[PDB]
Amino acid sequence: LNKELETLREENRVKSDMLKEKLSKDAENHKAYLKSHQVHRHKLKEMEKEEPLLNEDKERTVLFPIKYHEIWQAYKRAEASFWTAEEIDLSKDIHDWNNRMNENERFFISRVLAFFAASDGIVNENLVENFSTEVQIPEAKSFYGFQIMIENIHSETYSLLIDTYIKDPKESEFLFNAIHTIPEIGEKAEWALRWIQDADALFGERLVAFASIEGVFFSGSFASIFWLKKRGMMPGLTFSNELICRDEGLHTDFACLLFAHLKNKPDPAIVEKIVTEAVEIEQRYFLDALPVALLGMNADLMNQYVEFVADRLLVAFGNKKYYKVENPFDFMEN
C-alpha cells in the first residue's frame, strides 16, 4: 500500500533531505553572485551582440553553401530520424500491464509517464520564444524547426501511451493531481528561474540550461524504462522510449555544438553549477518521489547513472568531469 512507499522513501530520507537543503540555498547564493559580478556580467551581455550565432549575416542569401557543416549534418541526421506515433505497436502492451507487472511497477510507470506529459509544452516555449528566435543562422533554424515538430510527436506518444494503460478518466485525474504536489516541480521551477527565465542571463548559460533539460532532467526516466526492456516487457513503451531517448540525446548534442561556436563561453564554474543542480533535482525525484526500488532498481546505482550522464555532458561542453563515476547500467550502453 502507501505503507511500502513510505518504507522505501524512508530508505533515502537523509540522502534526499541533503539535496533539498543544498538546493534550498541556491536562490540566495545566486542573487549574491549576481550582486557581486554586475560589472562582469554586464560586459558579457554586451559582447553577446558580437557572437556570429546570435547575429544575422546579410551577405548570406544563397542559403545553401554549407557554412556550418557540423550543425546542418546534425539537422540532416535528425531529419532522417522522422518517426510517428502510428509506428508504436501497443497491441501486446495492455496484456503485460495487467499480467506480468506488479502493483508497484504500474505505480512507477504511471507516474513516470505522467511526469513526461507534465512537461511536453512548457519546453515548447524555451525552444522558440527563448531560443529558435535567437540564433540568426539557417542551419540552426532548420534544426530547431525540426526539433519542435518532433517534440510535438513525443507529446502525442505520452498521451497515447497514457491513454492506453490508464483508460479510466477518474484515475488519470488523480494521477496528475498527485503529480502536481511534488517538491521537485517547484525545485525545477526555481532552477529555471535562476538560469533561464531570469533576465540578465547569457545565451551561453541558457544553452547549458537547455541541454541539462534535454539530457539530464529525464535521464533517470529513460533509464528506468530500458530496465523494462531487459525483463522483456512493454515493447510498445520500450520501443517509443528508445526513439525518444535517441531524440533527446540528439537535441542535447546539438546544444553542445552551438556552444562550441560561441566566442565568449560561460565560466566553467557556471556551466558546472548549472548541470550539477540539475542532477540534484533529478536524483531527488527518485529518492523522494518515485523510488526505483518500486521496479527492482537500486537507488544508489540510479544516482550514479544520472551523475554519469551529467559528467558526459559537462565534458561535451569543455568542462571536466565532476562526479567521475562510471556508467552503472550496462543496458544503457546503447
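The first residue of the sequence shown is number 1, and the count goes up from there.
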Residue stretch of maximal mean CA temperature factor, 92 to 100 vs 231 to 239: 92 to 100
178 to 186 versus 152 to 160 - which carries the larger mean C-alpha B factor in the record: 178 to 186
Top Cα B factor in the deposited entry, candidates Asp288, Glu70, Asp300, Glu51: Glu70
Residue selected from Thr276, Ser36, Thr61, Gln283 by maximal Cα B factor: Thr61
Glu139, C-alpha B-factor rank within chain (lowest, middle or highest third): middle
Chain-wide C-alpha B factor ranking for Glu129, given as lowest, middle or highest third: highest
Third of the chain, ranked by Cα B-factor, where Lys170 sits: highest
Within-chain third of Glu79 by Cα B-factor, per the entry: middle
Where the record places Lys25 (Cα B-factor, split into thirds across the chain): highest
